[PDB]
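S.K.:
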RNA sequence: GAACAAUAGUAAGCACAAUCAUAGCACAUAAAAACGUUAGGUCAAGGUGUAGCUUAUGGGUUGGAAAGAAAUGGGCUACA
RNA sequence: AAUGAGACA
Ligand SMILES: [K+]
Ligand SMILES: [Mg+2]
Ligand SMILES: [Mg+2]
Ligand SMILES: [Mg+2]
Ligand SMILES: [Mg+2]
Ligand SMILES: [Mg+2]
Ligand SMILES: [Mg+2]
Ligand SMILES: [Mg+2]
Ligand SMILES: [Mg+2]
Ligand SMILES: [Mg+2]
Ligand SMILES: [Mg+2]
Ligand SMILES: [Mg+2]
Ligand SMILES: [Mg+2]
Ligand SMILES: [Mg+2]
Ligand SMILES: [Mg+2]
Ligand SMILES: [Mg+2]
Ligand SMILES: [Mg+2]
Ligand SMILES: [Mg+2]
Ligand SMILES: [Mg+2]
Ligand SMILES: [Mg+2]
Ligand SMILES: [Mg+2]
Ligand SMILES: [Mg+2]
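Chains as they are written, first to last, in the deposited numbering: chain F, 88 to 172; chain L, 4 to 102; chain C, 70 to 133; chain G, 36 to 167; chain Y, 325 to 387; chain Z, 51 to 252; chain H, 28 to 128; chain E, 52 to 189; chain D, 88 to 208, 236 to 260; chain S, 332 to 397.
1. Flag residue 174 of chain Z as yes if its beta-carbon sits less than 8 Å from any beta-carbon of chain C, otherwise no.
2. Between residue 115 of chain G and chain H, is the shortest Cβ-Cβ distance under 8 Å, so that the two count as touching?
3. Counting C-beta neighbours from all protein chains within 10 Å, is the total for residue 134 of chain G 16 or more, i.e. buried, or is it exposed?
4. From residue 148 of chain G to residue 120 of chain D, what distance separates their C-alpha atoms?
5. Got a sec: which bits of the region 115-140 of chain D sit with their beta carbon under 7 Å from any beta carbon on chain L, in order along the chain?
6. Drop a sphere of 10 angstroms on the beta-carbon of residue 93 of chain F, count the other beta-carbons inside from all chains shown, and report buried for 16 or more, exposed for fewer.
7. Could you give the C-beta distance for residue 117 of chain C and residue 64 of chain G, rounded to a whole number, given that I count them as a contact under 8 Å?
8. Residue 82 of chain E by DSSP, collapsed to three states: which one?
9. Residue 349 of chain Y: which of Y:325, Y:370, Y:338 sits nearest, CA to CA?
10. Just to confirm my understanding: we take residue 89 of chain C, look at its own chain, exclude 5 residues before and 5 after, and list those with CB closer than 6 Å. What are they?
11. With a 10 Å radius around its C-beta and 16 neighbouring C-beta atoms as the bar for buried, classify residue 105 of chain E as buried or exposed.
12. Taking all protein chains shown into account, do 16 or more other C-beta atoms lie within 10 angstroms of the C-beta of residue 237 of chain D, making it buried, or fewer, making it exposed?
13. Confirm, please, whether the CB-CB distance from residue 157 of chain E to residue 72 of chain E is below 8 Å.
14. Residue 114 of chain D to residue 146 of chain D, Cα distance in whole Å?
15. Quick check on residue 94 of chain D: does DSSP put it in helix, strand or coil?
16. Less than 8 Å separating the beta-carbons of residue 130 of chain G and residue 140 of chain D?
17. If we call anything under 8 Å between Cβ atoms a contact, is residue 152 of chain G one with residue 104 of chain G?
18. From this set, G:49, G:162, G:81, which residue's C-alpha is nearest residue 35 of chain G's C-alpha?
19. Does the CB of residue 106 of chain H have a neighbour CB from chain G at under 8 Å?
20. Give me the Cα-Cα distance between residue 199 of chain Z and residue 223 of chain Z, rounded to the nearest whole angstrom.
21. Can you check whether the CB of residue 140 of chain E is closer than 8 Å to the CB of residue 100 of chain E?
22. Spatial neighbours of residue 103 of chain H within its chain, please: CB distance less than 7 Å, with the 5 preceding and 5 following residues excluded, ordered by chain position.
23. Check the Cβ of residue 100 of chain E against every Cβ in chain S and list those closer than 7 Å, keeping chain order.
24. Looking at residue 387 of chain S and ligand 5, is the gap between the Cβ and the nearest heavy atom below 7 Å?
25. Taking all protein chains shown into account, decide if residue 34 of chain H is buried (16 or more other Cβ within 10 angstroms of its Cβ) or exposed.
26. The beta strand (DSSP E) with residue 156 of chain G in it runs from where to where?
27. For residue 207 of chain D, is the classification buried or exposed, using 16 other Cβ atoms within 10 angstroms of its Cβ as the cut-off for buried?
28. Give the straight-line distance between the Cα atoms of residue 101 of chain H and residue 95 of chain H, rounded to the nearest whole angstrom.
29. Run through the region 68-138 of chain G for me and flag every whole beta strand (DSSP E) of 3 or more residues, listed as ranges in chain order.
30. Mind pulling the chain E residues with CB within less than 7 Å of residue 71 of chain G?
31. Across which residues does DSSP place residue 109 of chain E in a beta bridge pair?
32. Comparing the C-beta of residue 90 of chain G with each C-beta of chain F, is any distance below 8 Å?
33. Is the shortest distance between the beta-carbon of residue 19 of chain H and the beta-carbons of chain G less than 8 Å?
34. Would you decide whether residue 37 of chain H is buried or exposed? Buried here means 16 or more other CB atoms lie within 10 Å of its CB.
35. Within the same chain, show all residues whose beta-carbon is closer than 8 Å to that of residue 115 of chain G, passing over the 5 residues directly before and after it, in chain order.
36. Sort L:66, L:48, L:78, L:32 by Cα distance to residue 90 of chain H and report the nearest one.
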């Protein structure tokens with residue numbers, strides 16, 4: 088069902104419903120301002136739930152003159168990072 | 004139609020590989036069944052559907068590894084979080100109406 | 070926009086020299102009709118609109 | 036009123052790129068096709084497989100480069116090699132771009148079992164054709 | 325040429341009429357390999373060998 | 051942050067050789083092309099967009115790697131891998147005289163991960179009957195035996211084979227039909243004397 | 028996951044037909060020929076009908092690979108008419124343009 | 052000034068097998084845009100002239116495929132949106148071409164094929180009579 | 088090797104090492120995913136077949152204890168799996184070919200009874243007196259020149 | 332030698348071809364008279380297409396008001 | 001918010017126009033047709049807000065949705 | 001050619 092998904096702008100343009108016939112002649116008396124939240128405000132390219140440290144994206148490529156390799160993250164360490172978000 | 008024509012027609016059929024002996028109109032179908040590829044074995048039929056299981060699973064695994072970011076799946080999770088906060092979530096097994 | 074026109078004029082002459090160099094012709098007689106047939110070959114744009122095809126002409130003739 | 040692949044007029048404050056500023060009936064008149072391949076010729080087969088692979092790249096490239104993608108991709112298929120041309124904003128550090136370039140080239144090559152070419156052109160911001 | 329695979333068949337009964345139609349169709353089939361074609365011939369041998377009593381009461385005795 | 055370096059167009063020489071820049075087919079790089087090219091429908095009062103950041107110049111399959119300067123250089127190096135056509139076979143009439151059999155085969159190239167085209171297995175074999183050794187009786191039998199494959203006007207015989215999966219198998223099968231038809235037209239079998247006066251071609 | 032439960036059933040139906048495609052062809056050859064004795068043909072009808080129901084070429088349904096619309100699907104592109112226009116109007120399909128004559 | 056001295060190293064092993072002679076080779080390129088085919092023809096003709104092939108180029112008539120689809124997603128069958136697929140043809144004939152020359156010409160042509168076009172090659176190979184026919188056997 | 092885009096064109100020799108190795112890490116990162124989940128790349132639409140794009144396998148395809156399965160682990164650059172399986176084979180009483188024993192020693196001797204360098208799981239004598247190479251060499255019934 | 336079309340299409344086509352072919356044998360003054368009679372002018376009337384949603388080129392389906 | 005022998009209007013954006021397609025032009029036909037109106041039609045192309053179901057409003061198997069008293073719309077074939 | 005509107009600002 089990967090092909091069934093859509094774009095972020097398409098989803099918010101439909102959920103907000105700020106372009107229909109309701110908000111034309113005062114038909115919409117909701118009086119509650121629906122707020123749009125940008126879901127990309129907090130992004131760390133490479134970070135994931137499994138906690139994989141990819142050299143180049145999050146961790147620096149070279150460490151003390153030695154190029155780092157692919158490595159995972161400790162369970163306690165990953166929990167703290169998620170708690171930060 | 005003469006006996007000379009019958010011999011020539013059969014002799015030509017033998018060389019080119021067609022059926023020599025006379026055959027009924029309905030009896031020619033068995034030749035067609037093996038001459039052509041069956042419908043159920045054509046590549047257009049059994050490979051009609053792209054494997055959505057591989058497509059969905061691969062992108063789901065890449066999502067958790069931080070290499071692919073899907074906006075649409077993030078939208079569902081964000082709205083699902085708000086439903087739990089509002090107090091309207093999905094009950095566990097055996098909790099719908101038996102209580 | 071006098072200076073912008075002047076910049077376009079000088080680089081068009083330089084660009085004409087490069088086009089003549091790669092086309093293997095005489096740069097002193099690289100006429101506009103030769104440029105049009107040269108551009109139409111290097112960039113074969115199939116479009117029905119005659120004005121939508123790539124062009125490289127005198128900036129005086131292009132800019133209003 | 037027709038609404039297929041159009042951006043509606045809203046004063047003069049919303050920028051529009053060249054691709055989005057033309058109605059679909061201008062295809063093959065003012066703008067070309069974003070993808071070119073042999074599948075949609077007259078007497079050529081293998082057209083559905085090309086289409087589904089094309090859609091996946093539209094969804095993969097958009098998610099691989101979040102936010103930094105300028106506009107639609109351009110897909111060229113020559114022989115058995117696949118060429119992908121993209122316009123990417125100056126958002127990520129150059130270290131991350133090469134990481135994604137290497138990641139994309141290898142992953143797609145081993146998935147579609149064909150060589151993949153990924154060429155990038157970087158622009159400071161989205162190019163504006165009208166309004167603004 | 326698939327005649328060498330029809331040695332063990334009744335030469336005069338309707339089986340010869342039926343089998344030669346199958347071989348003629350297999351001759352014109354480009355999509356099937358040689359090993360796969362023998363499978364069809366072998367299956368017919370198995371099918372006729374399993375069902376022998378029915379051919380006895382069919383009206384003509386077939387070997 | 052990181053800045054944008056000036057394009058190499060400024061450093062490009064006036065008389066540098068173009069094909070060294072583009073050895074193979076590559077997309078249109080605005081920085082790598084010294085030519086100032088503008089395309090796209092212009093505004094009501096304006097000019098077409100520039101070559102930087104323009105998708106219209108990117109969709110087009112460029113021919114910068116096939117410049118006429120490069121074509122002559124490319125083709126000349128390939129002249130080693132060639133052998134001359136014999137001069138005696140100049141007129142097409144002599145080609146028929148020295149070679150009476152022509153065979154038609156097809157190969158198909160398409161964009162995709164696969165090359166298997168089922169229409170590439172066809173083999174067409176055409177032979178002029180006047181160049182063979184058929185007798186008066188044998189030639190008449192061959193026409194009556196092959197059916198509609200023989201043209202009475204051009205006196206050409208066309209054999210088409212499609213059952214064999216491969217072109218080489220079809221080619222071996224196509225020539226097999228030609229030789230078995232010739233050896234059979236000379237066998238005056240006993241039943242051939244039972245000719246009807248209505249079946250005579252003359 | 029496929030886009031709908033209907034699409035999932037079609038995959039199983041196509042898979043089942045492929046396994047029994049050759050066996051059905053051999054048995055159906057006996058039925059479609061009148062030179063074999065009628066007694067053998069009656070036995071053949073019992074065996075061909077004893078095969079699983081899902082192993083039938085006719086039961087195969089052509090849907091859209093994207094939205095699984097049971098009808099309005101072009102066979103060449105295997106896409107629904109709504110999805111086909113969505114891709115064509117954006118210029119994402121090669122050689123496809125609005126018809127004008 | 053500094054150039055790689057003698058950076059060419061191809062080998063052409065001349066075997067004893069006679070070369071294959073083609074009576075006439077036909078190349079038919081098909082595409083959507085005439086401009087690409089016009090430039091591709093010029094490239095092919097220029098290369099063919101240098102090799103000395105004496106080719107002839109003609110344009111086969113084009114054909115247009117049309118189909119009609121519904122406009123809206125529900126009812127409204129009186130409004131239709133039509134589409135059109137245009138395939139343009141161009142044929143290049145090669146006469147008196149040897150097998151060795153045919154291989155290099157085709158691969159050089161095929162490698163530079165634009166992504167938006169495809170082609171079909173019809174080779175009319177010529178050869179003498181078969182051994183059984185040539186050798187007198189009744 | 089580097090992109091022709093000016094923003095991505097390296098500006099110094101320091102950038103060249105950083106840029107090129109970043110791209111190299113991308114290939115290793117992608118190949119890690121391919122090998123981690125082989126079932127997501129088993130589909131083949133390549134004609135003719137390209138064996139250089141199919142996913143590879145490192146885990147022993149045969150989980151049974153046999154001499155044939157032992158040879159697979161040796162050829163797959165596996166040291167811990169080979170030595171443990173070799174001990175099980177010896178305890179089973181089944182004979183082991185001398186050439187296979189020599190092949191096992193070569194893999195262990197080169198790496199010093201250690202694992203090779205993988206993507207992810236100087237001074238002094240690296241050779242150790244208490245090493246498995248000397249232990250197995252003594253246990254060899256017949257020792258050849260090799 | 333005329334090809335394509337019906338009996339009247341061929342008859343009209345041959346008529347037009349003869350008028351243009353006979354201009355060589357006729358003096359220039361009567362060539363003008365040929366134009367004034369409509370011999371030398373080609374007929375631009377060609378069959379039109381069928382619009383989608385209509386029975387014919389101009390005819391539409393029955394329009395039920397209510 | 002216009003008076004041309006001119007009296008408060010100005011220059012751009014969208015639409016009309018022009019251009020493009022139907023292989024000459026022309027004409028004609030296609031194509032186009034903004035901002036809005038009818039809370040017009042489509043939660044059953046697909047996605048999704050809110051509300052509801054969770055051993056059931058979910059999933060699978062087998063069999064079955066007949067029938068026209070009558071009224072009407074659009075069509076084919078006719079009444080030569 | 002008499003009649004019609006409800007819970008739209
Ligand atoms: K809903
Ligand atoms: Mg709506
Ligand atoms: Mg759904
Ligand atoms: Mg059906
Ligand atoms: Mg009518
Ligand atoms: Mg105003
Ligand atoms: Mg106007
Ligand atoms: Mg016109
Ligand atoms: Mg007009
Ligand atoms: Mg209209
Ligand atoms: Mg207009
Ligand atoms: Mg309503
Ligand atoms: Mg109404
Ligand atoms: Mg309704
Ligand atoms: Mg739904
Ligand atoms: Mg409903
Ligand atoms: Mg929902
Ligand atoms: Mg149910
Ligand atoms: Mg009535
Ligand atoms: Mg109607
Ligand atoms: Mg009648
Ligand atoms: Mg009243």
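Think of the CB as a built atom: it goes at the ideal place given N, C-alpha and C, for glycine as much as any other residue.
M.R.: Reading it off the structure:
1. no
2. no
3. buried
4. 16 Å
5. 124, 127, 130
6. exposed
7. 5 Å
8. strand
9. Y:325
10. 96, 99
11. exposed
12. exposed
13. no
14. 21 Å
15. coil
16. no
17. no
18. There is no way to answer for residue 35 of chain G, as the model of chain G reaches only from 36 to 167.
19. yes
20. 16 Å
21. no
22. none
23. Going along chain S, no residue has its Cβ under 7 Å from residue 100 of chain E, so there is no contact; the nearest lies around 37 Å.
24. yes
25. buried
26. 151-158
27. exposed
28. 12 Å
29. 109-113, 116-124
30. 166, 167
31. E:142
32. yes
33. Absent from the structure is residue 19 of chain H, since the part of chain H shown begins at 28 and ends at 128.
34. buried
35. 149, 150
36. L:48
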